[PDB]
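S.K.: Dropping the structure in here first, questions after.
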Amino acid sequence: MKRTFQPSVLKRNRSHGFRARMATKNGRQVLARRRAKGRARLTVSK
Amino acid sequence: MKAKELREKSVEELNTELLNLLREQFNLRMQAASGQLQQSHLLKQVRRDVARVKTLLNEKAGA
Amino acid sequence: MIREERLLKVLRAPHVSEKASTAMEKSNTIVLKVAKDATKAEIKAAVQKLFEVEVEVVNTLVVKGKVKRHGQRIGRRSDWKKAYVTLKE
Amino acid sequence: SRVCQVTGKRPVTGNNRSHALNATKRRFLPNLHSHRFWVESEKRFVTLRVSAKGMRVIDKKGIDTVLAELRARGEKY
Amino acid sequence: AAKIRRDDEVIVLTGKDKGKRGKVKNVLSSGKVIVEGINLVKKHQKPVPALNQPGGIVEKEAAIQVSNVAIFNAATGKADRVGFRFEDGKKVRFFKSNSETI
RNA sequence: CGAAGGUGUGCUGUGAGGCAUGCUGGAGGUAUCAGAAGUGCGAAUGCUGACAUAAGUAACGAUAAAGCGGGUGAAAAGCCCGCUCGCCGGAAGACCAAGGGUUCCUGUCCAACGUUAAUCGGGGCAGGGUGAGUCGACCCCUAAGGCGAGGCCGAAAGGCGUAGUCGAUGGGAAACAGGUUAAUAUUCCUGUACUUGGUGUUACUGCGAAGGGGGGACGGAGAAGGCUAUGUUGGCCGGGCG
RNA sequence: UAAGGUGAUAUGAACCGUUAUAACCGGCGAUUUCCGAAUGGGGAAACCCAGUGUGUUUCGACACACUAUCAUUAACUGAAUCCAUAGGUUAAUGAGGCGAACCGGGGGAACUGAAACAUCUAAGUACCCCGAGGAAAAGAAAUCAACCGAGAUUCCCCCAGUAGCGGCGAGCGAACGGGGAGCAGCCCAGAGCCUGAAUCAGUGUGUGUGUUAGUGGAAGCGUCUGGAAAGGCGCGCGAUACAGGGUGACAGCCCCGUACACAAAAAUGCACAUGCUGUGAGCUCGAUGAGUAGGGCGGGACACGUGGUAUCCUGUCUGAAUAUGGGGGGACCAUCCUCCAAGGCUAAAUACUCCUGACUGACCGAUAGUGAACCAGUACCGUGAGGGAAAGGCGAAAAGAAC
């Protein structure tokens, strides 16, 4: 069985990284909601 | 040190004092990493001295 | 200028180990912990002007911190830079 | 977007009403056309996206003052 | 702005050492002073062999609350409350019940 | 000279209840009459924590397989060493990419972890370890694609796209053999090299781009030849004659 | 202000102090790495790569500063194409991003109710987007009224679940008028007499009262139980202070406070008087907002669902008179009454609480109260959006158990 999560940091950073949220308006709304909740990891960047 | 004593000094004397303080800082931190300096506290005071000189090196140099 | 101030600030500590001692014997190479910025040219300039010794070549590596546990806190140690400074024969 | 430059007309909204009074959201669009007007002040042609009522305005009040209030409101021509 | 100071002599108003007097060694920011030879606790001093080790059961002085001590009057011999007056431009302490400066 | 709470006992009321007092506990409680309810639980395949039962039961994760001696230790079927036996060997060996992130190495510890014990460990703890002009990234160039000044379009948000600018999984300069650490090596060391730029005199001299031309620069299948990697044999060399 | 300190877990080490530049607290300053609107280009956030100019070169390189885009303005150029624009360069100013609710506008559901359901409801709600402010919106009658009159807007209580609207069902629901809170009016469409005219927007000068550190601040002893007195008993005192909190058990007189009386070098907030800069004031004469009012068709809002439907806004096609005139008074006509659209600005009464301080509670007390009293938006779960715990208590004092 091959599972659904086949990791890759390039596709991870291109799909859910900080600049991929900061490109669009809805990603900036995502970041505003993460800061309003107060989360430690804003995105998955490292 | 006496901050007023550094207020009575000039640009060149304060620059030579800054470079001498940084040299003494380097000697002390290499000695502290080497094993000596039972008296550690001088480290802190030397750091503060350099900061004070840089304050006047902005302040006497002009507003 | 502000050259020699940077030279005073780049060096941090000498390293003491088994590999450092074997280096200084078998290769006349000193091992020392530098700042994180620390280009090799300014490392060579600093050790030449402050330590009165001519320098052949400088290798640099980066030592990553170990993720230690204290009590229950996970804490990473600080990330520092090591330099093998080779002296002239 | 479908904005008349002279009159400021926008597409407005409303309902399709049926014969059984079903209401569906529709839009009313302005009668927009691009027309080029001969302005003899700067003595060339200026294209404007205007409504037909905007053309009637330019026929009533001359093009030279309508371009002046267009310059006043800060539009492009 | 501090009534019981370091080298003052005090009496104790409350405790196993009530009425007994002594001079204050040190003042701690927890609202507690140490008065030597007045509040003796018997600590079991554990030896930790990376030094020289006395060991044993050593009696030392514990912290007593500053509300429990009061400045000795040293004339009549009873406890006295102290306040602050401006005998001259430096603020100074003084005993109540007789206007005498400490 | 002992409150709430807890835990017994004795009384008492038609009942929900109440009063007394023993032990625990160690600082709160509250008459009477009024007032206000998050006011009374056994059930909702209720929710949360604790604890049972099955039950010391099934199981202990490839049917590649172990046996003995010595050591260490409080203790050895499992650790270390040694000798035999077995298993893989187009892998169950050796190098990497991705992905992990210190799991690597040494000393020390055996509570928890390890489906058993553990003196062992990928476990805890302290220290150590990653060395590059040539390897890779970064860098120069581009594909699919993305973003995209102006622009065009769209109630607003925004959509599409030009010039550009990113984008490798592709194209582009250069290093090998031997040795060395407990842990790194085409990185350190020895020997022998190579590449690209700047700078400075020297020899001649028309050079110069964002433009032109070439080159880079390319499919599948098949077949043959020449080689080499590599292996076998013989010679040679060192030991043996059981 | 200060005789004690070097933040906490958190000991230790080396020090710094005590009459004043130890430490602490406050006003103003300085420095402020990198990412982020991220602003020199790019990028997989916290990284890579530059260009230009100046000064420092021991010649291997350094150190600063500038270089985004858009809008507006201004200056140089500048095509097709004489002219000229388009375009290009440069400078100056301004904007951009974030933030809890309140506010205004552009779009805009469905579940649901109607005991089904399509008109209707839910509902202009949820939500999305744009924009601004400490409030915002409106706002000075082409308004109501009734032959009497009131005089801008907003908010609260009545009118009134009333007139009405409505598959006349489910439901929706005014106004006039009355009582209050708060009250404030103006200006351009244009000239002449005139220029510090009644005032407003900004700088300094001064005063008051604030805010940002602080200071002083009353009066209790013996005795019994008890580990410990603040408790019991007795005998006193203060109180413009018996709010509160600690103190070895319950303290007005032990402490910090409290009532009270005071305090600011420097920075601001609000009132003033004052002095510059812009700006008009006040009399006379005129003018008085045209693709507009209205109409036809299609929608929407008014409580009002096209109905006999007044009024308002509009996508579309038309289209006046212009104060001897025009709007409205709920189809419409005539007479009366009342106002003057097609241009603007405006305080207060009103809404809200991310945050700051103080005070309060017939609010909770650790399965409660915030998800979170404890290193909680944490561990952990998920590719992501996102979801999301459990966990308080020795003692008075560690005196935390030497041997």
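A note on labels: chains of the structure tokens are A, B, ... as shown, every chain counts residues from 1, and ligands are counted from 1 in their shown order.
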Could I get the residues of chain C with an atom no further than 8 Å from an atom of chain G, each paired with its nearest atom pair and that distance in Å to one decimal, using only C-alpha atoms (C1' of nucleotides), sorted by chain and residue number, as CSV?

M.R.:
residue,atom,partner,partner_atom,distance
C:1,CA,G:56,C1',7.2
C:2,CA,G:63,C1',7.6
C:3,CA,G:62,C1',7.3

S.K.: Mind dumping a table of every chain E residue within 10 Å of chain G, with the nearest atom pair and its distance in Å to one decimal, using only C-alpha atoms (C1' of nucleotides), sorted by chain and rising number, as JSON lines?

M.R.:
{"residue": "E:1", "atom": "CA", "partner": "G:1", "partner_atom": "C1'", "distance": 8.5}
{"residue": "E:2", "atom": "CA", "partner": "G:3", "partner_atom": "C1'", "distance": 9.4}
{"residue": "E:3", "atom": "CA", "partner": "G:255", "partner_atom": "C1'", "distance": 9.8}
{"residue": "E:5", "atom": "CA", "partner": "G:3", "partner_atom": "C1'", "distance": 7.9}
{"residue": "E:6", "atom": "CA", "partner": "G:3", "partner_atom": "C1'", "distance": 7.9}
{"residue": "E:13", "atom": "CA", "partner": "G:254", "partner_atom": "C1'", "distance": 7.9}
{"residue": "E:14", "atom": "CA", "partner": "G:228", "partner_atom": "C1'", "distance": 7.7}
{"residue": "E:15", "atom": "CA", "partner": "G:228", "partner_atom": "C1'", "distance": 5.7}
{"residue": "E:16", "atom": "CA", "partner": "G:228", "partner_atom": "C1'", "distance": 7.2}
{"residue": "E:26", "atom": "CA", "partner": "G:4", "partner_atom": "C1'", "distance": 9.4}
{"residue": "E:27", "atom": "CA", "partner": "G:4", "partner_atom": "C1'", "distance": 8.3}
{"residue": "E:28", "atom": "CA", "partner": "G:4", "partner_atom": "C1'", "distance": 9.1}
{"residue": "E:29", "atom": "CA", "partner": "G:4", "partner_atom": "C1'", "distance": 9.5}
{"residue": "E:31", "atom": "CA", "partner": "G:255", "partner_atom": "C1'", "distance": 9.2}
{"residue": "E:40", "atom": "CA", "partner": "G:399", "partner_atom": "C1'", "distance": 9.1}
{"residue": "E:41", "atom": "CA", "partner": "G:399", "partner_atom": "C1'", "distance": 5.5}
{"residue": "E:42", "atom": "CA", "partner": "G:399", "partner_atom": "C1'", "distance": 6.2}
{"residue": "E:43", "atom": "CA", "partner": "G:399", "partner_atom": "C1'", "distance": 5.9}
{"residue": "E:44", "atom": "CA", "partner": "G:402", "partner_atom": "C1'", "distance": 4.6}
{"residue": "E:45", "atom": "CA", "partner": "G:402", "partner_atom": "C1'", "distance": 6.0}
{"residue": "E:46", "atom": "CA", "partner": "G:402", "partner_atom": "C1'", "distance": 6.3}
{"residue": "E:47", "atom": "CA", "partner": "G:402", "partner_atom": "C1'", "distance": 8.7}
{"residue": "E:55", "atom": "CA", "partner": "G:402", "partner_atom": "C1'", "distance": 7.0}
{"residue": "E:56", "atom": "CA", "partner": "G:402", "partner_atom": "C1'", "distance": 4.7}
{"residue": "E:57", "atom": "CA", "partner": "G:402", "partner_atom": "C1'", "distance": 5.2}
{"residue": "E:58", "atom": "CA", "partner": "G:402", "partner_atom": "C1'", "distance": 8.7}
{"residue": "E:59", "atom": "CA", "partner": "G:399", "partner_atom": "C1'", "distance": 9.5}
{"residue": "E:60", "atom": "CA", "partner": "G:399", "partner_atom": "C1'", "distance": 9.7}
{"residue": "E:62", "atom": "CA", "partner": "G:397", "partner_atom": "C1'", "distance": 7.6}
{"residue": "E:63", "atom": "CA", "partner": "G:397", "partner_atom": "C1'", "distance": 7.6}
{"residue": "E:64", "atom": "CA", "partner": "G:397", "partner_atom": "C1'", "distance": 8.2}
{"residue": "E:65", "atom": "CA", "partner": "G:247", "partner_atom": "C1'", "distance": 7.6}
{"residue": "E:66", "atom": "CA", "partner": "G:255", "partner_atom": "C1'", "distance": 7.2}
{"residue": "E:67", "atom": "CA", "partner": "G:255", "partner_atom": "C1'", "distance": 4.8}
{"residue": "E:68", "atom": "CA", "partner": "G:254", "partner_atom": "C1'", "distance": 6.3}
{"residue": "E:69", "atom": "CA", "partner": "G:254", "partner_atom": "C1'", "distance": 8.0}
{"residue": "E:70", "atom": "CA", "partner": "G:254", "partner_atom": "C1'", "distance": 8.0}
{"residue": "E:81", "atom": "CA", "partner": "G:254", "partner_atom": "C1'", "distance": 8.9}
{"residue": "E:83", "atom": "CA", "partner": "G:216", "partner_atom": "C1'", "distance": 9.5}
{"residue": "E:84", "atom": "CA", "partner": "G:216", "partner_atom": "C1'", "distance": 7.8}
{"residue": "E:85", "atom": "CA", "partner": "G:216", "partner_atom": "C1'", "distance": 8.1}
{"residue": "E:86", "atom": "CA", "partner": "G:216", "partner_atom": "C1'", "distance": 9.5}
{"residue": "E:90", "atom": "CA", "partner": "G:19", "partner_atom": "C1'", "distance": 9.0}

S.K.: Which polymer residues have any atom within 12 Å of an atom of residue 127 in chain F, counting only C-alpha atoms (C1' of nucleotides), with same-chain residues fewer than 4 positions away left out, as a PyMOL selection string?

M.R.: (chain C and resi 16-18) or (chain F and resi 105-108)

S.K.: Selected residues, N, CA, C and O atoms (P, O5', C5', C4', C3', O3' and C1' of nucleotides), written as a PDB file, in the first residue's frame, please.

M.R.:
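Here's the written file part_37.pdb:
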ATOM      1  N   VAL C  16      38.706  23.245  22.312  1.00  0.00           N
ATOM      2  CA  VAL C  16      39.532  22.241  22.973  1.00  0.00           C
ATOM      3  C   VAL C  16      38.852  20.882  22.834  1.00  0.00           C
ATOM      4  O   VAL C  16      37.691  20.711  23.221  1.00  0.00           O
ATOM      5  N   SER C  17      39.559  19.931  22.231  1.00  0.00           N
ATOM      6  CA  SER C  17      39.015  18.604  21.966  1.00  0.00           C
ATOM      7  C   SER C  17      40.173  17.639  21.762  1.00  0.00           C
ATOM      8  O   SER C  17      41.335  17.963  22.017  1.00  0.00           O
ATOM      9  N   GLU C  18      39.840  16.435  21.301  1.00  0.00           N
ATOM     10  CA  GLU C  18      40.869  15.512  20.844  1.00  0.00           C
ATOM     11  C   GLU C  18      41.246  15.809  19.401  1.00  0.00           C
ATOM     12  O   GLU C  18      42.423  15.742  19.024  1.00  0.00           O
TER      13      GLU C  18
ATOM     14  P     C F 105      27.631   4.478  15.775  1.00  0.00           P
ATOM     15  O5'   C F 105      28.802   5.288  16.470  1.00  0.00           O
ATOM     16  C5'   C F 105      30.081   5.378  15.868  1.00  0.00           C
ATOM     17  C4'   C F 105      31.029   6.177  16.721  1.00  0.00           C
ATOM     18  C3'   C F 105      31.110   5.774  18.179  1.00  0.00           C
ATOM     19  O3'   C F 105      31.944   4.652  18.396  1.00  0.00           O
ATOM     20  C1'   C F 105      30.940   8.121  18.014  1.00  0.00           C
ATOM     21  P     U F 106      31.710   3.698  19.663  1.00  0.00           P
ATOM     22  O5'   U F 106      32.198   4.558  20.909  1.00  0.00           O
ATOM     23  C5'   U F 106      33.576   4.822  21.111  1.00  0.00           C
ATOM     24  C4'   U F 106      33.805   5.809  22.229  1.00  0.00           C
ATOM     25  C3'   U F 106      33.270   5.429  23.593  1.00  0.00           C
ATOM     26  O3'   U F 106      34.066   4.475  24.267  1.00  0.00           O
ATOM     27  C1'   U F 106      32.777   7.693  23.158  1.00  0.00           C
ATOM     28  P     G F 107      33.367   3.392  25.221  1.00  0.00           P
ATOM     29  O5'   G F 107      33.063   4.202  26.557  1.00  0.00           O
ATOM     30  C5'   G F 107      34.121   4.754  27.326  1.00  0.00           C
ATOM     31  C4'   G F 107      33.634   5.786  28.314  1.00  0.00           C
ATOM     32  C3'   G F 107      32.592   5.335  29.323  1.00  0.00           C
ATOM     33  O3'   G F 107      33.150   4.618  30.412  1.00  0.00           O
ATOM     34  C1'   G F 107      31.970   7.428  28.427  1.00  0.00           C
ATOM     35  P     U F 108      32.351   3.390  31.072  1.00  0.00           P
ATOM     36  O5'   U F 108      31.059   4.051  31.728  1.00  0.00           O
ATOM     37  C5'   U F 108      31.121   4.676  33.000  1.00  0.00           C
ATOM     38  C4'   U F 108      29.918   5.549  33.249  1.00  0.00           C
ATOM     39  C3'   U F 108      28.616   4.826  33.545  1.00  0.00           C
ATOM     40  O3'   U F 108      28.514   4.404  34.894  1.00  0.00           O
ATOM     41  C1'   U F 108      28.230   6.517  31.942  1.00  0.00           C
TER      42        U F 108
END

S.K.: Quick one: pull the distance between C1' of residue 194 in chain F and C1' of residue 134 in chain F, Å, one decimal.

M.R.: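 Computed distance, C1' of residue 194 in chain F to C1' of residue 134 in chain F, equals 8.2 Å.
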
S.K.: Which residues are near range 30-41 of chain A? Cut-off 10 Å, only C-alpha atoms (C1' of nucleotides), ignore same chain within fewer than 4 positions. Put them as a list in words.

M.R.: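 Listed by chain and then number, they are residues 18, 21, 22, 24, 25, 26, 45 and 46 of chain A; 98, 377, 378 and 385 of chain G.
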
S.K.: Atoms to include: N, CA, C and O atoms (P, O5', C5', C4', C3', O3' and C1' of nucleotides). Write the selected residues as a PDB file, in the first residue's frame.

M.R.:
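Output contents, as saved in result-v5.pdb:
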ATOM      1  N   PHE A  18       4.563  30.362   3.106  1.00  0.00           N
ATOM      2  CA  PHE A  18       4.189  31.718   3.477  1.00  0.00           C
ATOM      3  C   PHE A  18       3.946  32.587   2.253  1.00  0.00           C
ATOM      4  O   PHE A  18       3.001  33.382   2.228  1.00  0.00           O
ATOM      5  N   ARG A  21       0.594  31.832   0.568  1.00  0.00           N
ATOM      6  CA  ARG A  21      -0.535  32.514   1.180  1.00  0.00           C
ATOM      7  C   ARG A  21      -0.485  34.009   0.893  1.00  0.00           C
ATOM      8  O   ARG A  21      -1.516  34.634   0.643  1.00  0.00           O
ATOM      9  N   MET A  22       0.711  34.599   0.897  1.00  0.00           N
ATOM     10  CA  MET A  22       0.810  36.043   0.722  1.00  0.00           C
ATOM     11  C   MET A  22       0.570  36.474  -0.717  1.00  0.00           C
ATOM     12  O   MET A  22       0.448  37.673  -0.987  1.00  0.00           O
ATOM     13  N   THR A  24      -2.178  35.537  -2.616  1.00  0.00           N
ATOM     14  CA  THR A  24      -3.603  35.729  -2.843  1.00  0.00           C
ATOM     15  C   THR A  24      -4.272  36.404  -1.653  1.00  0.00           C
ATOM     16  O   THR A  24      -3.706  36.504  -0.566  1.00  0.00           O
ATOM     17  N   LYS A  25      -5.497  36.880  -1.884  1.00  0.00           N
ATOM     18  CA  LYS A  25      -6.243  37.569  -0.836  1.00  0.00           C
ATOM     19  C   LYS A  25      -6.726  36.594   0.226  1.00  0.00           C
ATOM     20  O   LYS A  25      -6.666  36.885   1.428  1.00  0.00           O
ATOM     21  N   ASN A  26      -7.188  35.420  -0.201  1.00  0.00           N
ATOM     22  CA  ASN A  26      -7.707  34.430   0.731  1.00  0.00           C
ATOM     23  C   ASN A  26      -6.598  33.826   1.581  1.00  0.00           C
ATOM     24  O   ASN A  26      -6.833  33.431   2.725  1.00  0.00           O
ATOM     25  N   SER A  45       6.667  26.408   7.235  1.00  0.00           N
ATOM     26  CA  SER A  45       7.777  26.965   6.487  1.00  0.00           C
ATOM     27  C   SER A  45       9.067  26.359   7.000  1.00  0.00           C
ATOM     28  O   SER A  45       9.793  25.708   6.222  1.00  0.00           O
ATOM     29  N   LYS A  46       9.383  26.498   8.291  1.00  0.00           N
ATOM     30  CA  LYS A  46      10.677  26.177   8.907  1.00  0.00           C
ATOM     31  C   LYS A  46      11.896  26.716   8.147  1.00  0.00           C
ATOM     32  O   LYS A  46      12.345  27.836   8.392  1.00  0.00           O
TER      33      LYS A  46
ATOM     34  P     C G  98      -3.551  43.700   5.191  1.00  0.00           P
ATOM     35  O5'   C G  98      -3.510  43.865   6.768  1.00  0.00           O
ATOM     36  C5'   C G  98      -2.603  43.106   7.545  1.00  0.00           C
ATOM     37  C4'   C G  98      -2.447  43.676   8.928  1.00  0.00           C
ATOM     38  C3'   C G  98      -3.681  43.674   9.803  1.00  0.00           C
ATOM     39  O3'   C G  98      -4.003  42.407  10.334  1.00  0.00           O
ATOM     40  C1'   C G  98      -2.579  45.743  10.010  1.00  0.00           C
ATOM     41  P     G G 377      -1.599  31.047  24.691  1.00  0.00           P
ATOM     42  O5'   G G 377      -2.420  31.165  23.336  1.00  0.00           O
ATOM     43  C5'   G G 377      -1.886  30.678  22.110  1.00  0.00           C
ATOM     44  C4'   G G 377      -2.127  29.203  21.930  1.00  0.00           C
ATOM     45  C3'   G G 377      -1.865  28.660  20.523  1.00  0.00           C
ATOM     46  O3'   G G 377      -1.379  27.324  20.635  1.00  0.00           O
ATOM     47  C1'   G G 377      -4.044  28.147  21.153  1.00  0.00           C
ATOM     48  P     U G 378      -0.471  26.672  19.486  1.00  0.00           P
ATOM     49  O5'   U G 378       0.656  25.904  20.299  1.00  0.00           O
ATOM     50  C5'   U G 378       1.405  26.561  21.308  1.00  0.00           C
ATOM     51  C4'   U G 378       1.722  25.624  22.440  1.00  0.00           C
ATOM     52  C3'   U G 378       1.756  24.152  22.076  1.00  0.00           C
ATOM     53  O3'   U G 378       2.997  23.764  21.514  1.00  0.00           O
ATOM     54  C1'   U G 378       0.496  24.456  24.060  1.00  0.00           C
ATOM     55  P     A G 385      -3.371  25.269   7.824  1.00  0.00           P
ATOM     56  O5'   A G 385      -4.850  25.819   7.659  1.00  0.00           O
ATOM     57  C5'   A G 385      -5.128  26.904   6.788  1.00  0.00           C
ATOM     58  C4'   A G 385      -6.550  26.875   6.296  1.00  0.00           C
ATOM     59  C3'   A G 385      -7.617  26.878   7.367  1.00  0.00           C
ATOM     60  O3'   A G 385      -7.894  28.157   7.899  1.00  0.00           O
ATOM     61  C1'   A G 385      -8.111  25.213   5.776  1.00  0.00           C
TER      62        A G 385
END

S.K.: Could you name the residues that touch residue 86 in chain F at 12 Å or less, counting only C-alpha atoms (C1' of nucleotides), but leaving out those on the same chain fewer than 2 positions away, as number ranges by chain?

M.R.: F: 64-67, 84, 88

S.K.: Would you list which chain B residues are within 8 Å of chain C using only C-alpha atoms, as a count of residues only?

M.R.: 8

S.K.: Work out how far apart CA of residue 96 in chain E and CA of residue 10 in chain E are and give it in Å to one decimal.

M.R.: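 CA of residue 10 in chain E lies 15.1 Å from CA of residue 96 in chain E.
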
S.K.: For chain F against chain C, which residues fall within 10 Å using only C-alpha atoms (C1' of nucleotides), given as a list in words?

M.R.: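 Close to chain C, chain F has residues 101, 102, 127, 128, 129, 130, 131, 132, 181, 187, 188 and 189 of chain F.
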
S.K.: Could you please take those selected residues and save C-alpha atoms (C1' of nucleotides) as a PDB file, in the first residue's frame?

M.R.:
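Saved as selection-v1.pdb:
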ATOM      1  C1'   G F 101      17.120  15.349  11.757  1.00  0.00           C
ATOM      2  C1'   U F 102      21.605  13.923  15.534  1.00  0.00           C
ATOM      3  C1'   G F 127      30.875  15.225  25.878  1.00  0.00           C
ATOM      4  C1'   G F 128      32.524  14.821  20.815  1.00  0.00           C
ATOM      5  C1'   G F 129      31.798  14.664  15.527  1.00  0.00           C
ATOM      6  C1'   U F 130      30.064  17.336   9.395  1.00  0.00           C
ATOM      7  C1'   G F 131      36.855  20.904   6.858  1.00  0.00           C
ATOM      8  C1'   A F 132      35.737  21.611  -0.728  1.00  0.00           C
ATOM      9  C1'   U F 181      39.892   9.657  12.801  1.00  0.00           C
ATOM     10  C1'   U F 187      36.788  18.313   1.662  1.00  0.00           C
ATOM     11  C1'   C F 188      42.213  16.950   5.848  1.00  0.00           C
ATOM     12  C1'   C F 189      47.521  15.124   4.489  1.00  0.00           C
TER      13        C F 189
END

S.K.: Near residue 259 in chain G, within 10 Å and counting only C-alpha atoms (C1' of nucleotides), which residues show up once chain neighbours fewer than 4 positions away are dropped, as a ChimeraX atom specification?

M.R.: /G:217,239-241,243

S.K.: Up to 7 Å from chain G, what residues of chain B turn up? Count only C-alpha atoms (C1' of nucleotides) and give them as a PDB file with N, CA, C and O atoms, in the first residue's frame.

M.R.:
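File selection07.pdb, as written:
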ATOM      1  N   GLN B  39      37.549  36.162  38.196  1.00  0.00           N
ATOM      2  CA  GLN B  39      36.733  37.375  38.218  1.00  0.00           C
ATOM      3  C   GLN B  39      36.025  37.508  36.875  1.00  0.00           C
ATOM      4  O   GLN B  39      36.597  38.012  35.909  1.00  0.00           O
ATOM      5  N   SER B  40      34.766  37.070  36.820  1.00  0.00           N
ATOM      6  CA  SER B  40      34.025  37.112  35.564  1.00  0.00           C
ATOM      7  C   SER B  40      33.361  38.464  35.330  1.00  0.00           C
ATOM      8  O   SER B  40      33.152  38.855  34.172  1.00  0.00           O
ATOM      9  N   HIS B  41      33.072  39.198  36.414  1.00  0.00           N
ATOM     10  CA  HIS B  41      32.188  40.364  36.380  1.00  0.00           C
ATOM     11  C   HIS B  41      32.698  41.475  35.474  1.00  0.00           C
ATOM     12  O   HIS B  41      31.887  42.225  34.906  1.00  0.00           O
ATOM     13  N   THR B  55      27.399  55.543  22.728  1.00  0.00           N
ATOM     14  CA  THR B  55      26.345  56.522  22.958  1.00  0.00           C
ATOM     15  C   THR B  55      26.860  57.921  22.694  1.00  0.00           C
ATOM     16  O   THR B  55      26.295  58.658  21.874  1.00  0.00           O
TER      17      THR B  55
END

S.K.: Taking 2 positions as the minimum chain separation for residues in the same chain, which residues sit within 10 Å of residue 77 in chain D when counting only C-alpha atoms (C1' of nucleotides)? Answer as a PyMOL selection string.

M.R.: chain D and resi 5+46-49+67+70-71+74-75

S.K.: I need the chosen residues saved as a short mmCIF file (atom, residue, chain, number, x, y, z; two decimals), in the first residue's frame, with N, CA and C atoms.

M.R.:
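Now in out_17.cif:
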data_model
loop_
_atom_site.label_atom_id
_atom_site.label_comp_id
_atom_site.auth_asym_id
_atom_site.auth_seq_id
_atom_site.Cartn_x
_atom_site.Cartn_y
_atom_site.Cartn_z
N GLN D 5 -18.60 56.82 -18.92
CA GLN D 5 -17.63 57.78 -18.42
C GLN D 5 -18.28 59.13 -18.12
N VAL D 46 -11.36 61.96 -29.48
CA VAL D 46 -11.28 61.34 -28.17
C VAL D 46 -12.33 60.25 -28.09
N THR D 47 -11.89 59.01 -27.91
CA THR D 47 -12.80 57.90 -27.71
C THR D 47 -13.29 57.90 -26.27
N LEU D 48 -14.59 57.69 -26.10
CA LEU D 48 -15.22 57.57 -24.80
C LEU D 48 -16.19 56.40 -24.84
N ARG D 49 -16.21 55.62 -23.77
CA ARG D 49 -17.27 54.66 -23.56
C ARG D 49 -18.42 55.38 -22.89
N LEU D 67 -15.82 67.27 -21.25
CA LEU D 67 -14.44 66.85 -21.01
C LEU D 67 -13.83 67.61 -19.84
N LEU D 70 -15.10 65.90 -16.84
CA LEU D 70 -14.42 64.62 -16.80
C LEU D 70 -13.00 64.77 -16.27
N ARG D 71 -12.34 65.87 -16.62
CA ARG D 71 -11.03 66.18 -16.05
C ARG D 71 -11.16 66.57 -14.59
N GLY D 74 -11.49 63.48 -12.52
CA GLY D 74 -10.28 62.70 -12.55
C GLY D 74 -10.35 61.42 -13.35
N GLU D 75 -11.18 61.37 -14.38
CA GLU D 75 -11.25 60.17 -15.21
C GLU D 75 -10.16 60.16 -16.27
#

S.K.: Please identify the alpha helix (DSSP H) residues within chain D (assignment by DSSP from backbone atoms) and present them as a PyMOL selection string.

M.R.: chain D and resi 52-60+63-73

S.K.: Let's see if you can do this: from backbone DSSP, list all strand (DSSP E) residues in chain D, as JSON, numbers by chain.

M.R.: {"D": [12, 13, 14, 15, 16, 17, 23, 24, 25, 26, 27, 28, 32, 33, 34, 35, 36, 37, 38, 39, 44, 45, 46, 47, 48, 49, 50, 51]}

S.K.: Show me which bits of chain F are within 9 Å of chain D, counting only C-alpha atoms (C1' of nucleotides), as a ChimeraX atom specification.

M.R.: /F:153-155

S.K.: Keeping only C-alpha atoms (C1' of nucleotides), write the selected residues to a file as a PDB file, in the first residue's frame.

M.R.:
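This is the output file again_32.pdb:
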ATOM      1  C1'   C F 153     -12.008  43.135 -19.729  1.00  0.00           C
ATOM      2  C1'   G F 154     -14.988  42.818 -15.295  1.00  0.00           C
ATOM      3  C1'   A F 155     -20.817  45.356  -9.673  1.00  0.00           C
TER       4        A F 155
END

S.K.: Check every residue of chain G for an atom within 12 Å of chain A, counting only C-alpha atoms (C1' of nucleotides), and provide those that qualify as a ChimeraX atom specification.

M.R.: /G:35-37,43-46,97-100,128-129,354,371,376-378,382-386,388
